[PDB]
Structures are given as structure tokens and as C-alpha cells.
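To start, the structure under review is shown below, and the notes come after it.
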Number of protein chains: 2
Amino acid sequence: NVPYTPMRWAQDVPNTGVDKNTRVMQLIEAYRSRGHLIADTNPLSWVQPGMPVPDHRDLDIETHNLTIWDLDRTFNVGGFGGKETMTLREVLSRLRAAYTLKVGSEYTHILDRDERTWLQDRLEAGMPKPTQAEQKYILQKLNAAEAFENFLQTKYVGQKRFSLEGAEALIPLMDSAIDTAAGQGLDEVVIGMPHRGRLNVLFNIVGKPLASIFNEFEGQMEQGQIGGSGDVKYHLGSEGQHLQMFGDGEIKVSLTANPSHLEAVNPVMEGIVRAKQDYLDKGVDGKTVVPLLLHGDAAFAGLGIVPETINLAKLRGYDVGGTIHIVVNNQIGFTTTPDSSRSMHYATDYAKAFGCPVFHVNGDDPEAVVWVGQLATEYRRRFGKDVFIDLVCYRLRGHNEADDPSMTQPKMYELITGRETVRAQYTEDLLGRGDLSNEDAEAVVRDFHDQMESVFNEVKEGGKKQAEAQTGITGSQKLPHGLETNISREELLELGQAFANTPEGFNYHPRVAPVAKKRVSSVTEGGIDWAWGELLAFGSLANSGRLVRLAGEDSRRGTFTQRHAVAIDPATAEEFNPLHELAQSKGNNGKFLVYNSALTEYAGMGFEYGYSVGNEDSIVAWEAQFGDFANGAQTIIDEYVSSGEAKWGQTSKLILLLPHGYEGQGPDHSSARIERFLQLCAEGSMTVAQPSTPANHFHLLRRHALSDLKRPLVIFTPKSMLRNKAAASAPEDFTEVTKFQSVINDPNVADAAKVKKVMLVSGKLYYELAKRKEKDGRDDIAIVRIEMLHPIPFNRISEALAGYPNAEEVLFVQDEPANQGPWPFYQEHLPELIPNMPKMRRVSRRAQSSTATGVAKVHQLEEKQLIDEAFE
Amino acid sequence: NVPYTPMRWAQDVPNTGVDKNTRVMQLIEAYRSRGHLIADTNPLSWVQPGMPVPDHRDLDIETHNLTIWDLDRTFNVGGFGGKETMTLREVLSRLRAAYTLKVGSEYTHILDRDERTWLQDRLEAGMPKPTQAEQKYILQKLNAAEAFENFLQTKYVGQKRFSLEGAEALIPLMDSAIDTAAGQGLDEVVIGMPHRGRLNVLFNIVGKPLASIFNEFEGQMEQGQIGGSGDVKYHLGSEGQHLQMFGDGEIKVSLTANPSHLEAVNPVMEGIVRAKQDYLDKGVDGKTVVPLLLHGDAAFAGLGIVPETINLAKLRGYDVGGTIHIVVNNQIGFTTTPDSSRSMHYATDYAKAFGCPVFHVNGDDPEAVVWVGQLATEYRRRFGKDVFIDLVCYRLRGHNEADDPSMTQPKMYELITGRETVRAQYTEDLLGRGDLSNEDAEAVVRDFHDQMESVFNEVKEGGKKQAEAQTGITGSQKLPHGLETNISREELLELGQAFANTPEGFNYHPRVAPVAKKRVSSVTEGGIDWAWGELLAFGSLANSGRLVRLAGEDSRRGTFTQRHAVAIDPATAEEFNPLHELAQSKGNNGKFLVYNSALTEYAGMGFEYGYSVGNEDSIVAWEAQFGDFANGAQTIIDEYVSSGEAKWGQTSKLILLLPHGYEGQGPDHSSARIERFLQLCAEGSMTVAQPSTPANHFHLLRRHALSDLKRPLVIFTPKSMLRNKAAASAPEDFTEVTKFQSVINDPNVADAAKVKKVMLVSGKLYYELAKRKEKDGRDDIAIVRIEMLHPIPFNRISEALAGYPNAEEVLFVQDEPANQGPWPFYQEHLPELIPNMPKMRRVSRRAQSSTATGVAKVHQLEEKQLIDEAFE
Ligand SMILES: CC(=O)SCCNC(=O)CCNC(=O)[C@H](O)C(C)(C)COP(=O)(O)OP(=O)(O)OC[C@H]1O[C@@H](n2cnc3c(N)ncnc32)[C@H](O)[C@@H]1OP(=O)(O)O
Ligand SMILES: CC(=O)SCCNC(=O)CCNC(=O)[C@H](O)C(C)(C)COP(=O)(O)OP(=O)(O)OC[C@H]1O[C@@H](n2cnc3c(N)ncnc32)[C@H](O)[C@@H]1OP(=O)(O)O
Ligand SMILES: Cc1ncc(C[n+]2csc(CCOP(=O)(O)OP(=O)(O)O)c2C)c(N)n1
Ligand SMILES: Cc1ncc(C[n+]2csc(CCOP(=O)(O)OP(=O)(O)O)c2C)c(N)n1
Ligand SMILES: [Mg+2]
Ligand SMILES: [Mg+2]
């Protein structure tokens, strides 16, 4: 059992052509670059049958024209090993000790010279010898891991737990990293992980009490929100503290909630870290909250969310100082082996796309694992980049504890069954080298078992409760009754002037200058448009002292060239952000931050959801280029935004701004899918709205920000109505009207006793119906608008209908096809809530498999047909 | 304007320590590895202000301790340039000519030695000098590209076209690749691409007639399906032929349809290629259909679907022999620059994760572009791997033709406005070197303009039609009236015996052997379960002579250990596929292929959709591990499966198998989201079903395969009912019952005149209600099952209800919450279709924000409450 190729027999060759010193330097370069291909990193003696084996002929001395006859000759090596001269025997010895034992390293692809040199120097010095106290501490942690697993196996046989047996070195690796961070003087560590070994990490790394875990297994579950539905035990989070064992440091440790969908926690935990860093406010030399992210081998290579999230690492609004990644490589999926899972040689090969180092380590050598953890945390602090660790290990049982893995992998489980564990091997090694006594070794086991037995007995004394029905979360948070959302006239004029107070030699571009002038004049003369209404809301909130963040694709300028939140000078390329300047000059330390995202919907929306969880007092908004591209983030909408409160008691106030409207631009630029969002709503989980005037959009945003109802808000924003002059607002609507309106009654009814038809509408189709009513002179019609879709404002609709006592018909008019839009939701729910209302009649486009037509002339013909049908 | 650093002044150094020959070899290695960092590949003199600049100190002779005083000394170079000895002046000259001009190359990261050597030899030989005929052919193609763009600009000013101006070298690059493939003797080329330059590619590469394109712009659109909705002009496909200009070869060229969602065509076009290759059947040395895939720079770096699809390249059921990728790098998104779009240095850096070569080429040197196209197509044919081309160019106008790019990028558009085009520059170069006359150069322009003017005038003679309403696609395909789907008794016994005809020294695993015995005995005694029903269907179809493909996560064994389509011997690890063996021994050349996918839902489902489009006569099925993970493929469901026929006239017969059932395993293992699928249905777009017996599943699958209705099928499959003994089927149900049943009436009604309540149910909740009816002895109840959900079988439901003439109530009973499951769809539609039916009453779980509870005791309490409510 020796892992190297034997030395071969050959004749001595002459020193002609390429010199032999050149050949020895080429050998040094080969080991530094490709020596990981023959390193002892696998605990099993296993080669997977269907995977390609890379060529490694570069690592034998024959390929470089050297022979056994050169081993005692001396050569110039140019500073290798801190020496100018050396023998080929000593060169080979050093190379093999550094690059072919229990740690394999990839770092030669890095472009910067100082980075490469730092890693090279530390890997060739070697791992320093640990003290006896340190060695005993590693043994305590290994014991805890294995003992906990065995206890659960014995007391709860059938129950699913997802064990860590085979990979118990993870616990001392994570401990090493957290301890190193505490010594650097940092503030917090945030963890995200999957199912494999979660209950072990909660107890041994985070510090969740043992009583809690035992209760979970007996069927008593901790309640997150009053009347909540809940979730399985391996999807929950917790908080704790970690004290340094051989030091005076202390750090905080947190673990985040997640669903079963793998790798969906990656963008969410990055956002939590960024929000925490921003609150501490320590600058570029800060970055004092560390992200620690765990993966599995099949998931890391397969799912596309992983590289999509790593691509945000060095961008302006997303940087968090680097991420430490750990891949638990146990050489198996569920019933699938690596030959069917990836087309890369290693699972961690995405690192080479981003220019980052990789360390592969044997999971049956605990002292090497502790060294790699320390080295990774030091690299992050110095260079501010991502680092990847590959922990090679195995899975002792099946995928779960009810499965038989021999049916599909017979030969692999001949090697696994009946091995000795990593705790047993390490105890034998320490007693052999005389580093531990037998009394000590036996105490370590006895003490921990007594602790667990004690707690278990205490938990069984208390009787088990019986099942009870779950009520719901509708009334678990209060509504802001009697809150006023208007600003003063002085405040409005100051916001307007921000666009006139340009810096010293700044000028606007000629096509942007008219927009700025209109903003300064409109706050006294009238004609405020949609974009200016939105910015007035965010600006007012930043003045009071809040952090406002807006992110999305092309969101600084606007997709429809409407926003201009940051302006650029054509002559010098200088930038200007008016509303941020005004906020910083009022002495409440408010901020307005606008960022242009990368081209992603899954990672984008996930990052903003996380920001809202990490700072409860911030105002965060994500914008989509068109609302039709939000189906690329369906996982986040379904698993986090719509359902997080009911499952885990985790609350959010994220704002989604989704453009919507039927204007003839085709099926992928027409519908944000209102029907889908209204399906997900129940128990008052989120607010859904489609306003028709800038002032009403202003009041909606301010009500959300100043209330104490911590639930999301989904708004459907316009595209063509952005520049419609019938939709503009007057200053009195921002300063004298006090509240947001959920139903707007018709403002052009002469006599209410002559009305015989009521139309209900939502959005931009109002302005067409109104136009036609004026032209034809109809005094028997009244058009009523619905601005808030969920919850249903049934008291207001009832009040409006009651104001027309001679009405015989009610029509519901929409632009969307009959199987889309708000009609399906309203035809089900509204008749129950208003019993005395006449039967409703739909007027819409016909039902369709697609969203809209692709021909523009057909669009115009349909619109004419629709409006004609409404007016008899 | 010289691009190199000047030679510096220094003293001569002594030849001590590391020898100077060693230093010259290190310089050669540096240029081969990192010389692309200083190559002349950018047409503009532009450096983006916020992007990091890599260190390239390795490429100057000072860092290797050499000086101007060494330039005329001679050194040993070890075969470089086919010489044993050389001067430092000649070495530098050759390195700079090979690695620093108009082509930059990355290939040193490749692990195989023979690959590296092949590339190295071809890049150092250089580009061969082209003939005069070849040169004139390149000028014709450049002219065509630019001329077409200018014509459309002039005749249709406001209209959106997404121009290729700035990147006209794409047309000769694509032409070079297709021409090289025709010379190799291959069969077809399949293209997928986005919006940028689509109408140009349709006319100049594929061969779509010019009349068609002009008509599109005048508002006359070609119809795909009778009564279809349509789509915008830059989303359509076409077919054509390509004849070799200087050869006797011929090849077929195809372009595929796609939506606006970027990069969603990547898995779909890979599947089309695989299906075409399988039909030709030429073996491992075949692979004679070439995939050619075009991208943009922002999309390639940002979206996660790109690397997810490249990861399928070398897997067993997905390999297509390599893909040629072209990235059109025009240094801008919409209003976003590379500093805000990626954290990689180049957009094509994913190549280094997969071990593939990259070529960067200047888009203003057309002869170099034609060489790189040829070299890439040769590499694919020899090594069977992916290859990446980065075409560096610019965008002359805005994102569309209505946008002003100076508002956000002032300095970049000072360099662009008023340049001379690539056609103009090339004409000037050829007239300078005397390779073309002026008469020739003027004819090239005049002839092409005359051609276009002719066609345009002909198109305007015919009058323009007026708009007309679109009818729908419901009746555009026929239903299979009077088709019988039963097999003979002889056929059933033969299928059973397949599991007894093991190979010579094969034995089953002890936990798989009982399943095999039961399969052999059940075809004569009874008790056929769900999995065996499914396999009997697929086997029967493979016997008749069809290619059957089944793919999904853990689909060979089954997620619930139920299928066992391939078995493994514990002693030798040999594999056995019974139903494939039987099919190949009947002389119709049928196949049963089962594959275990990688861990992806977006790329998985997309690949199977593509397979169904590329071979209309195959039976393809995709399976999900649980139906709750299908929201990861929402883009494919919404943009291709649900809506492809109505938009493009593209038909498919894909089968989705989605597990579903409420059994207490929590919110991410309970619901496949039936309500979402029933929203997407209209105009008879697809079939949705939830059967309750194995025999009925058999008949459904066979009806779909033998009919002429080319639409998808979505089935909701069980989890616990897989092993329920009340649900098993008898042999007569496969051989004497002729058709699939859409409604199954109650089989335990003694007297029909005593019934006073009818319950409607779908799925596994039948077996609980039936149980309770027997126990309590209720003869006033009748339970009726609905097996097909869409379309609604309203004639059968009416017939069933009419059979109970004294009924007073109808109850609709489901397990799902009230805002989920089939109730929302049925409460809207069924009362209209059956006017005389009593008012329906819902019995279900309460409405919820999440899918299901996380506590198991609460699940059991809810189920009891539900069944009690049903029975008064
Ligand atoms: C979904 C969420 O975010 S929380 C909703 C929780 N409650 C429910 O779902 C209960 C069922 N729903 C209902 O009874 C009704 O739909 C109501 C009461 C919410 C609204 O019906 P109406 O009375 O017709 O609506 P109206 O617009 O007059 O609202 C009444 C008050 O509720 C407030 N309100 C209503 N919806 C919201 C909301 N989403 N956020 C904040 N305040 C709200 C209004 O500001 C108003 O306050 P006021 O006292 O200052 O006038
Ligand atoms: C959705 C698709 O893929 S095709 C939809 C095309 N048709 C429509 O949408 C019309 C509207 N729908 C209807 O009129 C009704 O729902 C029907 C006629 C389709 C079915 O209603 P019922 O008559 O109650 O159902 P029933 O099960 O008896 O079907 C009658 C016949 O249609 C056939 N059929 C019904 N649905 C399908 C289907 N999805 N695929 C194949 N055949 C079908 C049955 O096999 C049967 O044929 P038979 O005469 O040989 O026995
Ligand atoms: C998005 C998604 N797809 C599929 C699944 C189903 N699933 C659960 S575990 C698993 C295997 C995971 O393998 P690996 O990442 O190696 O984890 P290990 O069990 O080895 O820790 C799969 C496919 C899932 N939970 N989420
Ligand atoms: C999935 C998706 N997200 C967003 C968009 C909106 N969008 C259309 S074009 C575009 C810019 C694409 O940039 P690039 O890939 O460089 O294309 P180019 O315009 O340079 O050809 C964006 C974000 C889209 N069509 N699809
Ligand atoms: Mg694994
Ligand atoms: Mg671009």
C-alpha cells in the first residue's frame, strides 16, 4: 500500500540540448500545478467506474528526461526551499510532502503575483505541530458529534434525521473557522446549509439547548407566529454566542431558515450579511460579518443558482468581503454517482472561472482539517475574495435511515460497511504517540453520555400534549388605524429644489434638462407625473432618517427613460444624486441608494428579500424590467415571500414593482400575471394593488413604510400611462388629502338618480372608458375604480353601489383574457361579501393559451370590440 | 500608436545563479499562458473605467532578468519554432506574432497533452494566406450584411429591428463554420440565437426569401396554426440548404423558435440535436448534427441556465459531440456596462471550469474571423468537446432604434459616432494591396442594391389586407374516435416472462427478487400494482416498434423504490434491462431507454421538450422527484409547453409525471400545484389527469401514443397508493376493457333509488371515503370519481347524476386547501355546462398561505375532521 509509481530502470543520459537545471525547474512547476491529481485525499480505496481518469504523466521524472542516476547530483533551484542549491532527492522529497499528502491545493491559475506568493509560502512551510491541549480539544468535538448521532439512533429508531456519520470532521472544521474569526476581532458569523447534519450543527456549533431538540422528536414544536402552520425540524434557524477556548475573544453565530429546494438560500444569506454590514457602518476596511455557506456535491455541480450568486461577489451593491464555501463531498447523490452528475473533474471547478483558490482535504485526518479552516479564514481577511474547501468523506447509511444502498451501489458499500470511525482512529493514534492517557480517553466518553442521559430523563417526566387545530395568521398583526400620510407645503418645495442645486460646474445632458426643470416648477403649478410621484415618496422617507434601497435592471435611468435618479454630465462623466444629497443635509443620517443589477431574476429578488430580513427598519424595493420576467424567480416567490410567516414566523416588508399593461407589444411584454399572485394570497399574507394616479401611489408607499404591519407589498406599475396628461396630479393631492384611497368613485356624474349601469375597472383602461363616456354623452353610466385588489375593500364597494339606487346592472371590465387578470378571484369572492348586489357580467378578451396576440392590428381591433361591448 | 511597452535602459547582468537558458524558457511559457492580456482584439481604443486591470508584468523581459544586451546572443530553445537554437530577438518576434496580434487564445489549462499540442502547433504556424477568389467572397458577404440594414433603415424608419451594425463580421464567421462542416461530410446544422441580428441571419445564412421579410414589415404575417395568436417577427424559425462555394458539398441549415426570455433556448436546442442524431443511428463515430449557439455578453455571464446546460455535455444520455459557442461582445448591456454585469475578467470564463479552449478575435479583421471559424469546427470533429469564440465589436446605435445612448454612456459614444465601417476599411485594404480592381468593387455594391429594389417594388404592387379576428386552436386537431387500447392475452404473458429470462449467470439482489417474481405471477393471478401498470404500457409500445425514452432524478430505481427498470447484480455489478431486450427480439427495432438525470429541473425538462420536437414519432416522458420542485422549470412550462402551438404552430407530445398527495410529510413534499396547471389551460391546449387504478393509467398512456392529437399530457401520480392493495388491478382490465374511463361510477350501490347525496372526488381520497361508507353502512350515499380534469367530461358527469333521480345534494370533496386543488376551476365552469344540477357544496381544508402543515399530529386531526364533515 504505497501510493507512488516505483522508480524505473534506465541508462544515464548525456547533458546535451536542454540543460538539466532547466528540467529540474520544469519538474517543480509541474508539482505546484498538477500535484493534486495524485494526492491522498480519499479515505476509501475507491475509483468510480465510469469517470474519466486525467493524464498525470507530468509528475514522473522520465517525462522530463531525468533518471535514477541524477538523484545524488546537485542543481540550481533558484530559492526553492530557501536554498540556492539542492539535490534531486531533496527536491522530490519536499515536493511530495507539500503537494501529495492529505491536503491538495489549486492556486496557480490566480493572476496576481502577491496572492500566489502568499499561498505558496504557507503551503510549503507546512502544518505546525499542535500542542497537547489543542489535541484533546479536537477529540472532545469528534466525540460529541458521533455520540449525539448514536443517541438519536437508539431512542428514536424509525424517525428521519439525515445523519452526519461518515463526515464528523465537519464539526471541528467549522469550529476552527469561527475561532479564527473571533481572534481577528469580527462581529458575527452567518451560516446557511442543507439537511445533512443540521441537528448536529445546531447543538455543537450554535448552542441550541438539548431539551429543545428532544422535544421536537416527541412531537412538541416551538411556535413562530400565533396561529402558524409550521415546518419540519431540519428547516429552522437559531442564534448563539461562541467563546474562544484559548483566548479572550467572543463572536455571535446565527443560522438562517430555508426550504427543501436546494441552493435557494444562497442569495438570501448574502443579503442578510450585506444589511448587517451597512448598519454597523465601518467603511471599506470593515466588512466584519462573515458568511459561511455549506453545500452538497451533486447540488453544487448541477443547479445554476450557485454560479449565478458567485457572480455578484465583486459588484458595487453586493460585495460582502468574500464567502467561505464548504462542499461535503461524500461521493454520492441519492442513488446517483458522480459519473451521472457532472461533466467536470471536481465538484469545485467553478472556482477556476472566478480566479479563487481550492483546498481538498481528507476527512479522516482531523489535524489537517483544522489547519485548512484557519488558512481559509486568513486568506479572506487579507484579500477579500471567495475561498473553497472540499471535504472528502463518505455516507455510512442510506440517503435516509429507511433506505438500502446496496440495491444500486453494491461494490461501494462493501468498502464502507464495518470500517472503524474517525473518532476511534484518532484515539488510537494519540495513545500510540503518548499524547494522551487511558483514564483521560475514557473520561471524555463517559462524561458526555451522562450529560445526555440526564437531559433525556428530565424531558420524559413532563407529559405529552395532544394535537390541536391551527387557527391562522390573519389577526396576528395590527392595521394602522387613523394614520395620516400627507407632507407639508414647505417639505414639497424643498424636494423640488433638490434638482436645481447642482454641484459647481455640473451641467445636465440636453435631453435630461427639460425633465429637471419640470420637476422644479411642478411642485407649485401642477402636472406631476408617475415617476416624480414615486421619487417624492422615497425622498420624503429618506429625509426622516431611513435607509432606502432601490435595485433592478436599468433602474437608475429607467427602462422607459422616466426616472433619472442619477444624472451624468456629458463633458466630464461626473455623477449626481439629488435626493441623497438633500437627505444627508438634514442631520438625521438618511440615505437613498440606487443600484443597477446584473441580468438575473432569481439571485436579484433573493438578495433583496434577504436585505429586508437583515434590517427590519429599512425600505427595500426590487424592480423588474417587465413583469413577465418574474417567473424566473418563482422559487423565491413561492417559498419565501408568500409563505415565510406561516412556516417559520419570519416577517418581511419587501416591495415588488412589476410593470403591466396591454398595449400591443406582444406576449412577453404584456402581463405580470395578476391571477397567479391572487392565488397565493390567503390569511392576509400580502397586499396587492394597481393604482391609477401618482398621488395614490405616493400614499400607498408611505402607509406601508410608516405602519407596523410587517407583510410584503406587490404593485402593478404602468408603461404608457407614465406620460398621459389626464393622469397627472396637483400639489394639493400630496398636502391636503390625508389618506390612500382603495375605491375611487366617478368624478363626472351630474345626477346620481339617473344612473342605470355601474362599471368596475382597475388600472389604465379607466382612461379609455371615461373618454368614450364624454364623447357619447352617457349620463346613465358610472365608472368606479378598484385600487387595492387584495384585501378586498368590500365595505367601500358596497357604499359606492348604494349611492346609485336605481342601478340594474353591474359590469366587470378588464383588458386581460377571461382566464387571466382579476376576474377569477372576484367572481368567486365578491358575491358572498355583498349579498344584495346584482349578478355581475364579464366584459373582457376571450380565453387564451398565451398572454396576448403577436400582431398589432389585431390588438387594435380587439380593443375596439371590447369598449363597444361595454357600452351596449 | 504602438501597443507594446518600450525597451528600457539597464546594465548587463552576469550569467550566475539561474542560467539564462532557463530564463528564456520561462519567457516562452509566460507568453503561451498569459499573452492574451495584451493582444490587439478591441476595435475601439477604450478602457472601461470601473473594471480591474490584471497584472501583466510577466510579459516584459525585465521580470525574467534579461536586458537589451541579450537580444543578439543565442540560446537553446528545445524545439521551439522547429529549431534547437535561436536568438532572443527571433524568439520575441515569433511569440508576438502568434499571441499578441488580432487573435488571443487560452488553452494551457487543458489537462490532456495531445490536445494542447494540436492547438499549439496550429496557432504557431499562423493563418495561411487566402486566394483572390476567397477574398472577394468575404467582401460580398460583408456588403450584403451592411446593405440589408441600410435598406430597412430607409424604408421603415420608426420600426424596431435590432440591428447588427457594428458586428457585421458575424455573417462571414457563421458562413465559414457551416462551410467547414459541409466539407467534413455532416448532415445538418441547428442554430439557436437571440434578437440581435436575426433578420440578417435568416436572409444571409438560412435562405428565407426576401419577399417574406418585407411582408412582415408591412403587417402581413405567416400563419403557423389555424386560428393561432402569433408572435413578433424576431421570434420565428426556418429551414434551408447551403451549397459549398469551392467544393461539391451540401448541408441542411435550421433555426429554432424562442421567446423573449434570454437563454431559454439552450436546453431545447440540445435536445433537438440529440433526437436527430438518434434517428440517423451511426454510432459513437457518428455525431453528425452540429449545434451552433449564439449569445450576448451580459446574458452569458449573468443567467445560471448557461453553465447548467454546459454541464450536460459529457453525460450518457445528453452527449451530442460538442457545441460551438459564439459570444457577441459589444461591450454593453442595455444601459449597463461590464463593471456592473460580471465579476469575471472575460465573459467566456466558464470555459475554464469545463476544460475547453477560448479564442478572442477582433471584429474589424475579417480574414482572422474566417480562420477562427474553421479552426473551431476542426477541433470539435477531432476531440468531441465544446469550443468558445469571443467576437469583440461594438453597437452603433442604441439598444433599439428609438433610444439615445449618450444620456448614460457619453465618452464611449464619442469614439463610436463617425467611424468608418468594416466593409469600407476592407475595400480600402484590398485596393491598396492590388487584390481587387475598382470596377469589381463598384459592381459588388450596385448588383445587390438592384436585387433588393426589384423585390421591394414587386411586394408593393399587391394591396394590403385589413385586420381580422383570430378564432382559436380548439378544433384545429382531431380527436381519436373509436380507438381501442387493449392488448391480447398472449402479449401480456410475454411481457411478464421478460423478468424471468435473466442472462446466463445473473442473479437479482435479495430485496429485488420478490418484486420480479410477483411480476411473473401477477399476469395470470391478479394484483397488478401502479409501477407494473406503467411499465406494461411503455413495454407494449416499444414492442410495436417505437423509441421510448424516460428521464428524471433517480428514475431507474424509483424515488419510492417501486420501478426497478434496470437491475444490478450484487456480485459482479452487471446491469439488466428486461423490456429493452424483449423489444429488440421482435424485429421491429424498438427501444426502451431509461436515464438518471443530473440535479436540474430547468435544463432537464427543457431537454425533453426539445426531444419531442426533434422526433415527432417518439414517446418521451420527464419525471420529477416530487411535483413541488417543478416550479424550478416555470419558464419552460409557461413559454414552451403551455403556449407553443398558439404562438408558433409548434406541436409536442411530452408527458409530465408529477407525484402528488397529502400524507403528512410537510409543505415541500405534498402538492404539485394542480390549480396552476388548470389556469394555463384554454382552447384545449393540453390534457390534465389524475387516475385512481393501474389499468386506467395504462389506457391513458396508450391513447395518447396511438392518437393523432399532438398536444401535451400532464399526469398526477401517487406516493402511498403505490402499495395499497385495494387499488390493484386484474388481468381482464388490460385485455377485455377496451377504452380509458373519464368518470368511474360507484361500484357498491345496492339500490339507486335510495341515494340522496352524491360525492365527487379525484385521486386517493376515494379509498378513505369508500372505507367509511362500508363501516357505517350508508346506502344513501354514492361516490363518483373524476379521472380526467381538463377537458371537463360534462356529458359523463351528467349521465352519472341522472342515474340517481332522488338526489338532493352534490358535494365536492378534496384534500387540498380551499384556494388550491381542482375546486376553483370546477366551481366556475361546471354549473354553466350542467344547468339542472343542484348547487355544489365544498368540503376541504381551510385556505392557507402555505401548501400544508409541518406537524404530523395536526395532519391526522385535519383528515378526521374532513371525513366527518362529509358524512354530516
Ligand atoms: C392583507 C394584509 O396585508 S392585512 C389584512 C388583514 N385583515 C383581513 O384580511 C380581514 C378581512 N378583510 C376585511 O375585512 C377588509 O378587506 C378590510 C377591513 C381589510 C378592508 O375593507 P374596507 O373597510 O372596505 O377598506 P378600507 O380601505 O376602508 O380600509 C379600512 C381601514 O383599514 C386600513 N387598511 C386596509 N387595508 C390595509 C392594508 N393592507 N394596510 C394598511 N392599512 C390597511 C385602511 O387604511 C383604513 O384605515 P382608517 O381607519 O385610517 O380608515
Ligand atoms: C384538451 C385536448 O387536448 S383536446 C380538447 C378538444 N375539445 C374541446 O376542447 C371541446 C370542449 N370539450 C368537450 O366538448 C368535452 O369536454 C369532450 C367532448 C372533449 C369530452 O366530454 P365527454 O363527452 O363527457 O367525455 P368522454 O370521455 O365521453 O369523451 C368522448 C370521446 O372523446 C374522446 N376524448 C376526450 N378527451 C380526449 C382526449 N384528451 N384525448 C383523446 N380523446 C379524448 C374519448 O376518447 C371519447 O372517444 P370515443 O367516442 O371513442 O369513446
Ligand atoms: C431543487 C431540488 N431538486 C431536487 C431535490 C430532491 N433531492 C433531495 S436530496 C437530493 C440529493 C442531494 O444530493 P447531495 O447534494 O449530494 O446531498 P447529500 O445527500 O449527499 O448530502 C435531491 C435530488 C430537492 N430537494 N431540491
Ligand atoms: C430573462 C430576461 N431577463 C431580462 C430581459 C430583458 N432584456 C432584454 S435585452 C437585455 C439586455 C441584453 O444584453 P446583452 O445580452 O448584452 O444583449 P445585446 O443587446 O448586447 O445584444 C435585457 C436585460 C430578458 N429579455 N430576459
Ligand atoms: Mg453527496
Ligand atoms: Mg452586449
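For ligands, and for the atoms within them, numbers begin at 1 and follow the listed sequence. Computation of the quantities below employed the complete heavy-atom set of this structure, encompassing side-chain atoms and omitting hydrogens, waters and symmetry-equivalent molecules. Chain letters run A, B, ... following the sequence lines, proteins first and then strands; every chain starts at 1.
For B:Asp297, the N/O/S atom at the shortest distance from the Mg ion (ligand 6) is named OD1.
Distances from atom 44 (C) of ligand 2 to the protein include at least one heavy-atom value under 4.0 Å. Distance check on atom 41 (C) of ligand 2: some protein heavy atom falls below the 4.0 Å cut-off. Shown here, atom 21 (O) of ligand 2 is in close reach of the protein: a heavy atom of it lies under 4.0 Å off. Not a single protein heavy atom sits closer than 4.0 Å to atom 17 (C) of ligand 2.
Among all protein heavy atoms, the one lying closest to atom 28 (O) of ligand 2 is B:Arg796 NE, 3.1 Å. Regarding atom 2 (C) of ligand 2, its nearest protein heavy-atom neighbour is B:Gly684 O, 3.6 Å. The nearest protein atom to atom 34 (N) of ligand 2, hydrogens excluded, is given as B:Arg703 NH1, 3.7 Å; this is a heavy-atom distance. For atom 50 (O) of ligand 2, the closest non-hydrogen atom on the protein side is B:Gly482 N, 2.7 Å. Looking only at heavy atoms of the protein, atom 14 (O) of ligand 2 is closest to B:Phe794 CE2, 3.9 Å. Protein heavy atom closest to atom 25 (O) of ligand 2, with residue, atom name and distance, is B:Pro793 CB, 3.9 Å.
In summary, no N, O or S atom of B:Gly333 is located under 2.8 Å from the Mg ion (ligand 6). Within the 2.8 Å limit, A:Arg395 places no N, O or S atom next to the Mg ion (ligand 5). In summary, no N, O or S atom of A:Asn329 is located under 2.8 Å from the Mg ion (ligand 5).
Side-chain contact between B:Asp390 and B:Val361 is absent, with no heavy atoms from C-beta onward closer than 4.5 Å. Residues B:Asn696 and B:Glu787 form a side-chain contact, since some pair of their non-hydrogen atoms from C-beta on lies under 4.5 Å apart.
Heavy-atom contacts of B:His481 reach the following atoms of ligand 2: 47 (O), 49 (O), 50 (O) (cutoff under 4.0 Å). Which parts of ligand 2 touch B:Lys739 is read off a 4.0 Å heavy-atom cut-off, strictly below it: atoms 50 (O), 51 (O). Using a 4.0 Å cut-off to heavy atoms of B:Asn795, the atoms of ligand 2 that qualify are 22 (P), 23 (O), 24 (O). Close contacts of ligand 2 with B:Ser742, meaning ligand atoms under 4.0 Å from a residue heavy atom, involve 27 (O). Close approach of ligand 2 to B:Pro791 is summarised as follows: ligand atoms under 4.0 Å from at least one heavy atom of the residue are 1 (C), 5 (C), 16 (O). Distances below 4.0 Å separate heavy atoms of B:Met686 from the following atoms of ligand 2: 1 (C). Near B:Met788, meaning under 4.0 Å from any of its heavy atoms, are these atoms of ligand 2: 36 (N). Of all the atoms in ligand 2, the ones that sit under 4.0 Å from a non-hydrogen atom of B:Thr474 are 8 (C), 9 (O).
For B:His699 and B:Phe740, the ring centers sit 6.0 Å or farther from each other. Between B:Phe162 and B:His399, the ring centre distance stays below 6.0 Å. Aromatic rings from A:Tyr346 and A:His360 are positioned such that their centres are separated by under 6.0 Å.
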Verdict with supporting geometry, A:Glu401 and A:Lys160, salt bridge (charged side-chain N to carboxylate O under 4.0 Å, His left out): CA-CA 6 Å; A:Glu401 289 75 6; A:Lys160 188 183 202 146; over 6 Å; no
Intermediate values then yes/no, salt bridge (charged side-chain N to carboxylate O under 4.0 Å, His left out), B:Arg557 and A:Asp403: CA-CA 12 Å; B:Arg557 192 198 77 175; A:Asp403 183 16; 3.1 Å; yes
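The nearest pair of heavy atoms linking A:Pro817 to A:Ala847 is CB-CA, 4.3 Å. Counting all heavy atoms, side chain and backbone alike, B:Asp297 lies closest to B:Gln331 at OD2-N, 3.1 Å. Summarising the geometry of B:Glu149 relative to B:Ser163, their closest heavy-atom pair is OE1-CB, 3.0 Å, with the distance given to 0.1 Å. Taking all atoms of both residues into account, the shortest heavy-atom contact from B:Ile473 to B:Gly227 is CG2-O, 3.5 Å. Shown here for B:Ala301 and B:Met344, the closest heavy-atom pair between the two residues is CB-CE, 3.7 Å. In terms of heavy atoms, A:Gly363 sits closest to A:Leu391 at CA-CD1, 4.2 Å.
Within the structure, the closest approach of B:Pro480 to ligand 2 falls below 4.0 Å when heavy atoms are considered.
Salt bridge status for B:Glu645 with B:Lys710: absent, with no side-chain N to carboxylate O gap under 4.0 Å.
Here B:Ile332 contributes O and B:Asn330 contributes OD1, and at the Mg ion (ligand 6) these two atoms make an angle of 90°, given to 10°.
Ring geometry, A:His325 versus A:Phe388: the interplanar angle falls under 30°, so the pair is classed parallel (tilted spans 30 to 60°).
Only the backbone of B:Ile792 comes within 4.0 Å of ligand 2, judged by heavy-atom distances.
The nearest non-hydrogen atom to atom 3 (O) of ligand 2, considering only B:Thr687, B:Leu713, B:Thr738, B:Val688, comes from B:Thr687.
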